[PDB]
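Participant: only geometry, no sequence info:
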């Protein structure tokens, strides 16, 4: 059963095993069961850890339900794949990726006075091809002041760095004037409309190029896994795979009583139903209850 | 010589062969909506399997397909969102009546394609006399539900809806598009509310204009609500909820209209209670409260818990700038009720987080004896997207349900709250808002 | 057909490590 | 697939005209496989004419 | 036997979801007993 | 889809575009008589303007019945399409069995016939492993778990470098 | 096998026809099997003249007389004047030549 904080996370979720846990919970509440009071407890560090591990139970069956657009031509399979992961972010409680990674910046650098310590605590989230181009330009503005460039904004020594880092950001290809004019806004709704149409033209060309770089790495991983496997004789392949299949079954049979190992071996019985339901009618496929 | 299941088997053998082209998969889909084939899901699945496999696409077969997907009510996100590839490639090739069908179908399915709706709005704002007003509401329904807040189109649509009087189905699509954008421009809504006096042939657009008014909180216009009390058998139980929720939010008291609408949804929940979303079971409890019309004893107690469920789920998945606003408003609520120092505001805002009677959690809930006051912060996602920026109709939905639980909901909107410069001005804004609702505090 | 179950998070935001083209099309053409 | 392959292989292997005769296929080879064995005897016959 | 369901057949099979659940069922109740008992 | 859709019998398709199925509608004032002809069968029913509007009241919401998952079957479909590009170049292999006769055995150098018989044994090694298509499903499970861990990001499932770089300039080139 | 397509059994079978068409030798003896249409019409003629008990012997000599002068066909056509020395004739040349050198 679910712990009533999982089932609040699975309401806007749309995978199968989470909706049938919701639907049997809503069928219990139709038969007069009391909805248990959700906890007004679990302080700021424990609340961010439950949100970390309940979002990952919405993301994990959702990622396995998104077909990769491997070996497709065009942007719309890559835009479908990116839109399904956007919607998986919203179903799991994430915001927009722009609003969720900039929250990661301002959280990791809450205590930063100099921008060299910004550029070292946001190292995991910024590309090293871009972290280096902001560190080389930093040491030139460090050469003009011969004092550490501050994370102040009011400082004029930062204002000449922010005009040099804007020259770096346009060199990568990303419009730093359009990005800044979106998250700041404007007064009228007509001049803010044209900059949102120009941010979302960058943003869609941004997240497509992250999805397409993810597809081009799965395509390159699968093509090197296959070409290594096609160089084996077929007798080696069948026993390398039967050794890997049997070792991975035994790890789920060593684990007794665990919920994951009970569900692992129950899905092995559901794959063998799929192979057996196809053998009865192969022009029809698997037989669904209809 | 009149065979429906023998023509389904000949459509099934048309899309089960190996090289089905675009025109044959388009016309198999068109034939499945005119035949109304909701019962056979696998035959609809064989069509959308070949609809993704089809590589040719001219302007005619793409719009016949996307019409059939949208009209038939068939949802598959992977197939439809990859049909936006043909659409951006065929976009100058499309007629203005054809461009209205693809954007209404790709928008209504939720396809996040900013390159499509940017170029498909640019041909409406450039060639606006070329588009019939029914075709402007289709593009407006598409760009709104595709996640684009394109107000350059929403202004150019309103110039047409005041110049030409539109159909009732045309207006209710335009109201539904403006309700999701959250615009509530009374210069455009009232130009569309005069289309609902010639009668409405569908209940699905009388229910949708009902939802779109209450989401902007205008009011019920007396010819929508009496169109809804006679044709509330044409509506699905997920559609009759959003009719009654939209009438309750606009302030309708025609309780026999609510007898008609609740006569659909109550036997549907009694057959399968898990048939509706928990977001729609909560929109029933708002509608069963503000109009006050009752439900069965097994239903109205069940949807009362599903307001407690659907309000917690929106609190766990809080926008983190709403979490920054609630903990800011609760701090000003601690200063307003007397707390000069930080160990007093930190120990007071932890005491404001009492539990609601339905099981949910209220964030700023103050109790003095027999009177309770709830403070509500409504950030920007629940605000109207225009310049006066009143809060949307869903904030009075949450208020009047809590007011029927014993609370006196004081609304603190963030367009007014965060324009204030310091914590003392923010505390007197919160204190004045509590005095306006329950002056005992 | 079954995989090892992993429960670990990705903290870095990195490039996805495109692997190198194996020479199997060039070896089999040889 | 396999059922046609065991009746196409047997349709060829039951026909006795398909038995490969190396003397019919390669006539110059079986006349040289003979003169390998006849030249080994001729070397024994030259050794007895010399004796 | 035959003909399972559709909602039984829509489940992704070898996802984690239950290592993530088994970890959070042994990390969240084990860390509430860390912050309730914490002095440096 | 959304809750309310607004299409049906207005700007509808009036005729089919292919010859495999013949479509005719009778656009009357209230209703419409459809004439559908597919193969040997014909259907001729009547659909109202308010009969198509009730069609999208209940949604179909198609979903895929996969053997393991939709992710895995999309990787295995790519390995099956990659294994075709290797099979197509084993289709272009020269028929070495046309040189199996003894008029090629005995004209040839004895070491260039060992190599020829080793290059024929090599083709059966390559061909019997490229048609081992039952091994492609276990190869797809070597791609899945490393991909699925990159999607368990603590930031977002859809985050990447180009977005997180462009959202650094909003963080850096704003004040502090 | 095409890209997303399937393999048809009427193409897997014409491939197996190309494998079994190489199992035939490109020059072969036309070794005659006596069919049932002729070996019964000969046994009919033998049983009408009352030799039904030795009727099996009459057919075998007709089979062997065609078998002994079986002709060599190269590509379905008969190569004329093609003489071959068999493996049982050539092993009789060896066995007499061994016996006349051993003596």
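Facilitator: All right, it came through fine. Numbering: from 1, shown residues only, chains lettered A, B, ... in the order given.

Participant: Roughly how far does the residue in the stretch 51-200 of chain B positioned nearest to chain E sit from residue F:17?
Facilitator: Relative to chain E, the nearest point of the stretch 51-200 of chain B is residue B:76 (12.4 Å; CB to the nearest CB). Every C-beta, even on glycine, is put in place using the N, C-alpha and C of the backbone. Remark: distance between residue B:76 and residue F:17 (CB to CB, to the nearest Å) = 22 Å.

Participant: Wait, residue B:406 touches residue B:357, no?
Facilitator: Yes - at 7.5 Å, residue B:406 counts as touching residue B:357 under the criterion of CB atoms under 8 Å.

Participant: Around the residue of chain E found nearest chain D, how many other residues sit close by?
Facilitator: Taking CB to the nearest CB as the measure, chain E has residue E:2 as its residue closest to chain D, at 27.0 Å. Residue E:2 is flanked by 12 other residues according to other CB atoms under 10 Å in any protein chain shown.

Participant: Tell me how far it lies from chain A.
Facilitator: From residue E:2 over to chain A the distance is 5 Å, taken as CB to the nearest CB, to the nearest Å.

Participant: residue contacts, that residue?
Facilitator: For residue E:2, the contact set (CB atoms under 8 Å, 6 or more residues apart in numbering or on different chains) comprises A:277, A:280, A:287.

Participant: that older thread, which residues does the residue of the stretch 51-200 of chain B closest to chain E contact?
Facilitator: By CB under 8 Å, 6+ apart, residue B:76 lies in contact with B:45, B:48, F:61, F:62, F:63.

Participant: got a list of what the residue lying closest to residue A:98 once chain neighbours are set aside touches?
Facilitator: What sits nearest to residue A:98 in space, not counting adjacent residues and going by CB to CB, 6 or more residues apart in numbering or on different chains, is residue F:167, at 5.1 Å. Neighbour list for residue F:167: A:97, A:98, A:101, A:102, A:105, A:179 [criterion: CB under 8 Å, 6+ apart].

Participant: Include distance to residue A:126 when you put these into CSV, please.
Facilitator: What follows is the contacts of residue F:167, written out as CSV (distance: CB to CB, whole Å):
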residue, distance to residue A:126
A:97, 14
A:98, 14
A:101, 9
A:102, 11
A:105, 8
A:179, 14
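
Participant: Mind putting these into a markdown table with neighbour count and secondary structure?
Facilitator: A markdown table is the format used below for the contacts of residue F:167 (neighbours: other CB atoms under 10 Å in any protein chain shown; DSSP: H, G, I helix; E, B strand; the rest coil):
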| residue | neighbour count | secondary structure |
| --- | --- | --- |
| A:97 | 27 | helix |
| A:98 | 22 | helix |
| A:101 | 27 | helix |
| A:102 | 22 | helix |
| A:105 | 20 | helix |
| A:179 | 26 | helix |
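
Participant: Among those, which one sits closest to chain E?
Facilitator: Closest to chain E, out of all of the contacts of residue F:167 and judged by CB to the nearest CB, is residue A:97, at 20.9 Å.

Participant: Surely the closest one and residue F:159 touch.
Facilitator: Yes - using CB under 8 Å, residue A:97 is in contact with residue F:159, at 4.9 Å.

Participant: Let's verify residue 12: helix, strand, or coil?
Facilitator: Since no chain was named, I'll use chain A. With DSSP: H, G, I helix; E, B strand; the rest coil as the basis, residue A:12 sits in coil.

Participant: Tell me how far it lies from chain B.
Facilitator: As judged by CB to the nearest CB, residue A:12 and chain B stand 7 Å apart.

Participant: can you pull the contacts of that residue?
Facilitator: By CB under 8 Å, 6+ apart, the contact set of residue A:12 is A:90, A:91, B:279, B:313, B:317.

Participant: give me that answer again for 7 Å
Facilitator: A:91, B:313 (CB atoms under 7 Å, 6 or more residues apart in numbering or on different chains).
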